[PDB]
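Notes follow once the structure below has been shown.
FYI the Cβ positions are ideal-geometry reconstructions off the backbone, even for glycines, and counts take in every protein chain you see. Each answer follows from the model by the rule given with it, or from the source it names; no laboratory instrument gave them.
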Ligand SMILES: *[C@@H]1O[C@H](CO[C@@H]2O[C@@H](C)[C@@H](O)[C@@H](O)[C@@H]2O)[C@@H](O)[C@H](O)[C@H]1NC(C)=O
Ligand SMILES: *[C@@H]1O[C@H](CO[C@@H]2O[C@@H](C)[C@@H](O)[C@@H](O)[C@@H]2O)[C@@H](O)[C@H](O)[C@H]1NC(C)=O
Ligand SMILES: *[C@@H]1O[C@H](CO[C@@H]2O[C@@H](C)[C@@H](O)[C@@H](O)[C@@H]2O)[C@@H](O)[C@H](O)[C@H]1NC(C)=O
Ligand SMILES: *[C@@H]1O[C@H](CO[C@@H]2O[C@@H](C)[C@@H](O)[C@@H](O)[C@@H]2O)[C@@H](O)[C@H](O)[C@H]1NC(C)=O
Ligand SMILES: *[C@@H]1O[C@H](CO[C@@H]2O[C@@H](C)[C@@H](O)[C@@H](O)[C@@H]2O)[C@@H](O)[C@H](O)[C@H]1NC(C)=O
Ligand SMILES: *[C@@H]1O[C@H](CO[C@@H]2O[C@@H](C)[C@@H](O)[C@@H](O)[C@@H]2O)[C@@H](O)[C@H](O)[C@H]1NC(C)=O
Ligand SMILES: *[C@@H]1O[C@H](CO[C@@H]2O[C@@H](C)[C@@H](O)[C@@H](O)[C@@H]2O)[C@@H](O)[C@H](O)[C@H]1NC(C)=O
Ligand SMILES: *[C@@H]1O[C@H](CO[C@@H]2O[C@@H](C)[C@@H](O)[C@@H](O)[C@@H]2O)[C@@H](O)[C@H](O)[C@H]1NC(C)=O
Ligand SMILES: *[C@@H]1O[C@H](CO[C@@H]2O[C@@H](C)[C@@H](O)[C@@H](O)[C@@H]2O)[C@@H](O)[C@H](O)[C@H]1NC(C)=O
Ligand SMILES: *[C@@H]1O[C@H](CO[C@@H]2O[C@@H](C)[C@@H](O)[C@@H](O)[C@@H]2O)[C@@H](O)[C@H](O)[C@H]1NC(C)=O
Ligand SMILES: *[C@@H]1O[C@H](CO[C@@H]2O[C@@H](C)[C@@H](O)[C@@H](O)[C@@H]2O)[C@@H](O)[C@H](O)[C@H]1NC(C)=O
Ligand SMILES: *[C@@H]1O[C@H](CO[C@@H]2O[C@@H](C)[C@@H](O)[C@@H](O)[C@@H]2O)[C@@H](O)[C@H](O)[C@H]1NC(C)=O
Ligand SMILES: *[C@@H]1O[C@H](CO[C@@H]2O[C@@H](C)[C@@H](O)[C@@H](O)[C@@H]2O)[C@@H](O)[C@H](O)[C@H]1NC(C)=O
Ligand SMILES: *[C@@H]1O[C@H](CO[C@@H]2O[C@@H](C)[C@@H](O)[C@@H](O)[C@@H]2O)[C@@H](O)[C@H](O)[C@H]1NC(C)=O
């Protein structure tokens, strides 16, 4: 099983009938590599909370009866992969109301025609997949008309030879409906129809159109381009064929001219050539298609790049050149792409990038160069974010203010390319430097000019000898990451106190996997929440302790447990458990006799054992069964009746910003995993079956208390339903702890209409107003967590 | 210190001068993560029986003087790793007579040229290593001529651009000397010399030749393959480059035909492609090389294999295909490998193996398939030994007499695959079955026909309900291993006496971690030396005792130290100390007052150290209910 109570998997166990042992709350069920064959009615009346029900995977089903999936309303998707169904029953998929996708990969369609298909009662049917089938006719059945949510379909590996006009009637029937027609993928078609009254693709807007391998020869694939004329399609991928680019080159230099002749009239926006194995890319390829807003080239082997190659693209935006470089490069790649913005040159084998490379550009706002090249920045436009990982030594950078994001992982940098790069990016926020193997660290000429520096990781790297200078002297909110910096403790003994002096808004410093001997403590910062210290050789105490410190990781370190240092072992004990890390991962090293004991067990004695270990286990057994009772909200299971909630939160819709961020989060954070402090709502947990006013009525009985949030808006339409209820039937008295008033905002007097119950709970004056200052934020949470846990007043007098 | 008197290790202690506290008999000294810098004469006149003296590891040695290692004749190896020496003194390594290997990993050679090197007085110098250096010239100094014991050297991460003929003169001087030239590994070379009177590798037999990453482009690397022509090399690894196989494919389809052109003349015997990241394996790769006596493909990612893929290999023997499977498989992989014998398909991800897989084979004598596939034996030739572990349910086996060794660990077997597989292996000797989780145990249809059965371990498994039948009725010298078999004590009561009946030449039976209630004793075997009995719930004595029993393990068991069973507690005593196990690990369980006391301390009476703790625990359990309800 993957997850307890929810996710259960059964990967090949050879069962005959379904598994009943599973619970009814199982949301993700997986039955594959098994056999059931005959699927009779009432198959799964057990589970009713399913979503991911991957049934069909080589389950070799022979037939399918009706009422198979009747008790599966919340059924999201169903994957009938590699199945062999012969008989298809009309009312088999009945009851599936929330069915979106449906994978019918190799369902064994011996009954090719889709007319007999039964996907009419599937309105939420979005992505209906049909691959590895034997469909002969592309003729869309009238049932597609009802399919409004139908967004994508993948017709691949079927058959379909001719594509008449009459086979596209339901298409023109819908005025607004996206359609990712992924047909003609790995087929054996021959010809199609053209002309007629209206072209088969005339007055028809499609989302996506794939033609991954259509014909056998270039001569028969030209007629098809004459039928796709006058068609408004977003994308159009011509993959698995084009081995070379050019004026209009595909295979043979003679019939390759009639191809672009039909796509010239149509205004193509997106053109992709993935897995096309384009060796050479001749001069001027996309010239007829200037309306190409976005292009795509994934997994290729480009080598011929002319200065007139990308010409024609007057308005390009996106362009992913993923794995298609290597084999030298020239100067000025994109000379005709001023409006370019996003480019993805991930995973390549470029040697050395020249100076003038990213010439004639301006609107470039995102440069992703993962494992691209040796990187040489000189004429790189205003790009806010850039990714440069998996590289080597980098040369002088050249960027501007616009750069607010930048990444550098798994590299080999120096103290030059980092200084100048930061000199003009005060808008920088996130920055990463993991496993860069820093060579030399300057005194203060590397991380200069960067006030808004938020994230800054310096893990796995080396410095000039050891840390002995302050680099972060201008970084206020600098969250550093010092993981194994190979720092020699000899120079760390006289560590400059002016390093952790400027840092005032530090969230947490992580000094782990390091190699120090004396753990200095400069508690100048006051916003430090954590300090990870593990895999070290520390053994030195310090009276100076931070104020906001809470979680101090100090596990697995060379601790000397003898009579020499008794002041250090004394500090860690005085710091209570509230200020310490897992005691379980702390053992003494130096001691040969005693090895594997936590510091919170060693005896502080100055330099009969069976009695010692027998008395201490008794003293342990004297307190551990005396403090768990005392130490360990109001238990719902001990309540007289059966209440489901602790407090019903009554509020307004305009004041959701507070009830959703502060109130709920501060009352749910405690005993969250224990699910003890539950809150009743009116929109999160309701009954459609029920009435508005009464929805609150039931919430009163179920909840232990009622904590409303009176406001200048809560009176406008939140009290209009409450006051009316108090008139007829009474429930909440005056001086009872059952009701708790909370004033989030001062409410005037003119707002109060003729309601007599609103001014009744204000007369008693027992509300909990929201403090204005931030220092008072806590005294409110105290009482807000008290009055509710308070025992309700009894009925007797 | 690792071992008393001999092995002492000082891992990061920060000490200027060497540790004088060590003894003279210290054979293994480890001084790393420290600092000494100036190494003056008479460094270690204390220790004189050293062998493993790893000195240099980031010890940042600035300079080195003479007479440093004078008092270290028995000094075997020295590893100066990650060091930074500037000045090299000629007579620095004097006195080393038994110095074999020498690791100079990143010694910081600011004085690149090796002419200034001083390794003449080192005759025992076998494996001289020089990695991560800055050597520019491959020119071998005349000093190599004296190095007769010089077997291997690793020239990696240096510089070396051109490899002339004149840089390979000391080689031709020696008529008999193995040399594992591991040069050109991660360099930045460009070209070499060709033609001339004689080729640079003409009339020169080498043991090993590594070229892990040489050029930058396929074009410049083709010149190198034309200079290595006519060379008698035992091995030749082309690693970290070939991302695809084929008729002679490497990178670009045009300049990859001139590669095999030069290696065609030279008769290659060993060809390895480790860490090559070979994805696709086209048809017919090694065709020009038919003299390849042995092959090797370690750490690769082979998706699919063609039928004519392994074509060309006429006389193959060894073939370690370690971690390079997954991605479906076809029928008849090695159709052209009759003479193949040893193959290593360790660590792979194969779903199911077809019927006809090991077709056209015969001289296969050792099949190692550690964590290979679901294993489906059908057309397997005469293979004496085979290793099948880290697998799942195994189907009907098909082997012959030739199989004398077989292993099965960490699996899920039944009573079918073990029966038939044993029906034709009377020559079997060793057999392991640790953690196989046996499903159903047959009465006598599983361990049949196997007289020469020597080792037979049945640790961690299950049987039909419990042990209640004699399986080893034909196994004479069968050394069983019964560790935790989940045997229910209810059926163990009527344990068939005919189980330990046939077993006469038994060395020792291990009945540990089990869960029996009564310990029976059928002393029929007269050769049983030992009988491990621990982690059980036994409490039954028996007059029948073996004769050759010496060590009887009987610790950590549910023993009832009361007045009920007095005959059992009286037996373990008469059996003397010579026939017993560690009394220290024997404590009473059932009792609550008398707890934690060895059977050889209990008194036999009819119905004082561990007594005071039983009284102080009561007094503190009485004085507590008193002062708790009062305090807080
Ligand atoms: C999973 O299925 C196992 C196999 O069930 C059947 O076993 C015999 C009787 C044959 O008829 C075979 O075709 C069947 O597959 C069960 O033993 C097992 O109990 C099942 N798991 C559950 C739900 O307990
Ligand atoms: C699993 O769920 C089964 C069906 O539960 C309910 O049955 C009736 C009472 C209706 O209220 C219906 O809406 C529900 O589906 C139970 O019969 C069964 O006891 C459950 N399994 C467990 C946990 O016992
Ligand atoms: C492309 O279409 C061309 C014209 O097809 C038909 O030719 C005659 C039979 C007319 O009467 C009418 O049916 C059409 O105009 C073909 O000559 C050519 O072969 C086609 N290309 C292919 C698919 O091979
Ligand atoms: C850039 O292109 C990326 C890859 O696109 C495709 O992803 C799948 C469907 C493959 O099977 C293959 O055909 C392509 O590689 C996208 O993930 C990314 O969204 C694209 N950039 C944009 C516009 O966001
Ligand atoms: C980076 O910015 C340089 C300076 O641009 C501006 O100069 C004057 C006009 C002021 O308005 C000032 O605030 C600006 O900083 C440009 O000269 C330079 O071309 C830019 N770098 C690039 C992308 O070439
Ligand atoms: C150790 O902890 C002592 C108690 O701290 C807290 O005291 C009140 C406010 C309670 O809410 C309680 O639960 C807490 O444990 C401190 O008085 C003492 O200063 C601490 N030791 C140190 C590090 O000085
Ligand atoms: C745990 O620490 C105990 C108390 O620590 C401190 O002792 C003195 C020096 C006081 O002035 C005050 O700071 C604290 O109360 C020790 O009594 C005890 O032995 C320690 N436990 C262990 C691990 O032995
Ligand atoms: C190990 O070395 C310890 C100290 O050695 C050095 O002492 C001075 C000269 C400083 O430069 C210091 O940084 C060095 O670490 C000794 O105290 C110790 O006794 C030595 N270990 C032994 C052999 O007992
Ligand atoms: C270690 O050995 C030192 C030298 O002892 C001997 O000196 C002359 C006589 C030679 O025969 C030489 O081979 C011998 O090693 C001693 O000074 C020293 O005490 C010894 N260390 C110990 C074990 O105390
Ligand atoms: C490989 O060698 C090519 C030409 O080989 C010879 O070069 C000199 C010695 C001439 O005088 C003549 O003997 C030959 O033509 C170069 O064209 C080629 O660039 C070299 N490979 C590299 C490093 O690119
Ligand atoms: C079979 O191959 C085994 C391991 O292969 C590799 O050995 C060396 C070169 C290392 O690079 C290692 O990482 C590899 O796994 C050998 O142990 C074995 O000797 C080879 N078979 C032979 C011929 O004996
Ligand atoms: C296993 O052995 C079978 C029998 O081989 C022999 O048959 C006659 C000729 C006698 O000489 C007898 O002693 C031998 O046992 C073969 O038929 C069979 O092919 C072998 N199994 C394999 C590897 O296919
Ligand atoms: C150890 O055992 C000694 C011998 O016990 C029995 O002596 C007679 C009565 C025979 O019947 C024979 O079966 C046994 O050997 C005791 O005398 C001695 O008390 C024992 N030691 C202890 C634990 O007290
Ligand atoms: C117990 O051992 C008795 C004699 O003890 C042995 O005495 C001498 C001769 C040495 O061999 C010494 O090692 C022995 O401990 C036997 O008389 C007696 O039969 C043994 N008890 C049993 C198990 O029957």
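For residue B:143, work out the one condition from (1) under 30 Å from residue B:195 (Cα atoms); (2) in a loop (DSSP other than H, G, I, E, B) it doesn't fulfil.
(2)
With the condition kept exactly as written, say whether any residue in segment B:85-93 is over 27 Å from residue B:151 (Cβ atoms) and more than 16 Å from ligand 4 (Cβ to nearest atom).
Within segment B:85-93, one or more residues are over 27 Å from residue B:151 (Cβ atoms) and more than 16 Å from ligand 4 (Cβ to nearest atom).
If only one of B:584, B:540 is within 14 Å of chain A (Cβ to nearest Cβ) and under 30 Å from residue B:506 (Cβ atoms), which one is it?
Sole residue among the options that is within 14 Å of chain A (Cβ to nearest Cβ) and under 30 Å from residue B:506 (Cβ atoms): B:584.
So is residue B:239 away from ligand 7 (no atom under 16 Å from the Cβ), more than 14 Å from chain A (Cβ to nearest Cβ) and either out of contact with any strand residue (DSSP E or B) (no Cβ under 6 Å at 6 or more places or on another chain) or farther than 22 Å from residue B:175 by Cα (or both) or not?
For residue B:239, the condition - away from ligand 7 (no atom under 16 Å from the Cβ), more than 14 Å from chain A (Cβ to nearest Cβ) and either out of contact with any strand residue (DSSP E or B) (no Cβ under 6 Å at 6 or more places or on another chain) or farther than 22 Å from residue B:175 by Cα (or both) - is met.
Identify, please: which residue in segment A:574-612 is within 25 Å of residue A:545 (Cα to Cα) and outside any loop (DSSP other than H, G, I, E, B) and is, among those, nearest to ligand 14 (Cβ to nearest atom)?
Residue satisfying both the conditions and the ranking: A:584.
Any chance you could count how many residues in segment A:447-459 are crowded, with 19+ Cβ neighbours inside 10 Å and either part of a loop (DSSP other than H, G, I, E, B) or within 14 Å of another protein chain (Cβ to nearest Cβ) (or both)?
4
Of the conditions (1) farther than 25 Å from residue B:500 by Cα; (2) in contact with a helix residue (DSSP H, G or I) (Cβ under 9 Å, 6 or more places away or on another chain); (3) surrounded by 14 or more Cβ atoms within 10 Å (Cβ to Cβ), residue B:577 clears all except one; give me its number.
Of everything listed in (1) farther than 25 Å from residue B:500 by Cα; (2) in contact with a helix residue (DSSP H, G or I) (Cβ under 9 Å, 6 or more places away or on another chain); (3) surrounded by 14 or more Cβ atoms within 10 Å (Cβ to Cβ), residue B:577 misses just condition (3).
Can you name the condition, by its number, that residue B:301 falls short on among (1) crowded, with 20+ Cβ neighbours inside 10 Å; (2) in a loop (DSSP other than H, G, I, E, B); (3) within 25 Å of the chain's Cα centre (by Cα)?
(1)
So which residues in segment A:331-354 are more than 14 Å from chain B (Cβ to nearest Cβ) and either assigned to a strand (DSSP E or B) or closer than 25 Å to residue B:218 by Cα (or both), if there are any at all?
A:331, A:333, A:342, A:343, A:344, A:345, A:346, A:353, A:354
Residue check: is residue A:675 outside any loop (DSSP other than H, G, I, E, B) and either within 14 Å of chain B (Cβ to nearest Cβ) or loosely packed, with under 15 Cβ neighbours inside 10 Å (or both)?
The answer is no for residue A:675.
Restricting to segment B:19-45, name every residue that is closer than 18 Å to residue B:92 by Cα and surrounded by 14 or more Cβ atoms within 10 Å (Cβ to Cβ).
B:36, B:39, B:43, B:44 - these are the residues of segment B:19-45 that are closer than 18 Å to residue B:92 by Cα and surrounded by 14 or more Cβ atoms within 10 Å (Cβ to Cβ).
Which one of A:768, A:747 is assigned by TED's automatic domain parsing to the domain that holds residue A:639, surrounded by 12 or more Cβ atoms within 10 Å (Cβ to Cβ) and out of contact with any strand residue (DSSP E or B) (no Cβ under 6 Å at 6 or more places or on another chain)?
A:747
crowded, with 18+ Cβ neighbours inside 10 Å, over 23 Å from residue B:191 (Cβ atoms) and either more than 14 Å from chain A (Cβ to nearest Cβ) or within 16 Å of ligand 8 (Cβ to nearest atom) (or both): is that true of residue B:263 in this structure?
Here the answer is no, as residue B:263 does not meet what is asked.
Any idea which of (1) within 15 Å of ligand 5 (Cβ to nearest atom); (2) exposed (fewer than 15 other Cβ atoms within 10 Å of the Cβ) is the one residue A:378 doesn't satisfy?
Failing condition for residue A:378: (2).
Within segment A:587-612, how many residues are over 25 Å from residue B:620 (Cα atoms) and within 12 Å of chain B (Cβ to nearest Cβ)?
Count: 3.
Return the residue satisfying two criteria in turn: it lies in segment A:391-406 and is within 24 Å of the chain's Cα centre (by Cα) and surrounded by fewer than 20 Cβ atoms within 10 Å (Cβ to Cβ), and of such residues it is farthest from residue A:326 (Cα to Cα).
Restricting to residues being within 24 Å of the chain's Cα centre (by Cα) and surrounded by fewer than 20 Cβ atoms within 10 Å (Cβ to Cβ), the top hit is A:404.
Go through segment A:165-191 and give me each residue that's more than 19 Å from residue A:233 (Cα to Cα) and in a loop (DSSP other than H, G, I, E, B).
Selection gives A:186, A:187, A:188, A:189, A:190, A:191.
Any residue at all in segment A:556-573 that is in contact with a helix residue (DSSP H, G or I) (Cβ under 9 Å, 6 or more places away or on another chain), away from chain B (no Cβ under 14 Å), over 30 Å from residue B:616 (Cα atoms) and not in a loop (DSSP other than H, G, I, E, B)?
For segment A:556-573, residues in contact with a helix residue (DSSP H, G or I) (Cβ under 9 Å, 6 or more places away or on another chain), away from chain B (no Cβ under 14 Å), over 30 Å from residue B:616 (Cα atoms) and not in a loop (DSSP other than H, G, I, E, B): present.
Specify which of the listed residues (B:199, B:158, B:214) is assigned to a loop (DSSP other than H, G, I, E, B), touching a helix residue (DSSP H, G or I) at 6+ places or on another chain (Cβ under 8 Å) and more than 16 Å from ligand 3 (Cβ to nearest atom).
Selected residue: B:214, the only one of B:199, B:158, B:214 that is assigned to a loop (DSSP other than H, G, I, E, B), touching a helix residue (DSSP H, G or I) at 6+ places or on another chain (Cβ under 8 Å) and more than 16 Å from ligand 3 (Cβ to nearest atom).
Any chance you could count how many residues in segment B:613-630 are closer than 21 Å to residue B:592 by Cα, more than 11 Å from chain A (Cβ to nearest Cβ) and assigned to a loop (DSSP other than H, G, I, E, B)?
1
Look at segment A:93-114 and say how many of its residues are more than 18 Å from residue A:159 (Cα to Cα) and surrounded by 19 or more Cβ atoms within 10 Å (Cβ to Cβ).
5
One line per residue, one yes/no per condition, for (1) surrounded by fewer than 17 Cβ atoms within 10 Å (Cβ to Cβ); (2) within 16 Å of ligand 1 (Cβ to nearest atom); (3) farther than 22 Å from residue A:159 by Cβ:
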site	(1), (2), (3)
A:189	no, no, no
A:204	no, no, yes
A:212	no, no, no
A:215	no, no, no
A:225	no, no, no
A:247	yes, no, yes
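Each row is one residue, and each column tells you yes or no for (1) at negative phi; (2) within 16 Å of ligand 8 (Cβ to nearest atom); (3) within 28 Å of the chain's Cα centre (by Cα).
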position: A:377; (1), (2), (3): yes, no, no
position: A:411; (1), (2), (3): yes, no, yes
position: A:428; (1), (2), (3): yes, no, yes
position: A:433; (1), (2), (3): yes, no, yes
position: A:437; (1), (2), (3): no, no, no
position: A:441; (1), (2), (3): yes, no, no
position: A:462; (1), (2), (3): yes, no, no
position: A:479; (1), (2), (3): yes, no, yes
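For (1) within 31 Å of the chain's Cα centre (by Cα); (2) closer than 19 Å to residue A:488 by Cα; (3) part of a strand (DSSP E or B), each residue gets a yes or a no:
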position	(1), (2), (3)
A:511	yes, yes, yes
A:515	no, yes, no
A:527	yes, no, no
A:542	no, no, no
A:545	no, no, no
A:549	yes, no, no
A:552	yes, no, yes
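Away from ligand 14 (no atom under 16 Å from the Cβ), surrounded by fewer than 18 Cβ atoms within 10 Å (Cβ to Cβ), assigned by TED's automatic domain parsing to the domain that holds residue A:602 and under 24 Å from residue B:58 (Cα atoms): which single residue out of A:551, A:518 fits that description?
A:518
Do we find that residue B:119 is in a loop (DSSP other than H, G, I, E, B) and on the phi > 0 side of the Ramachandran plot in this structure?
no
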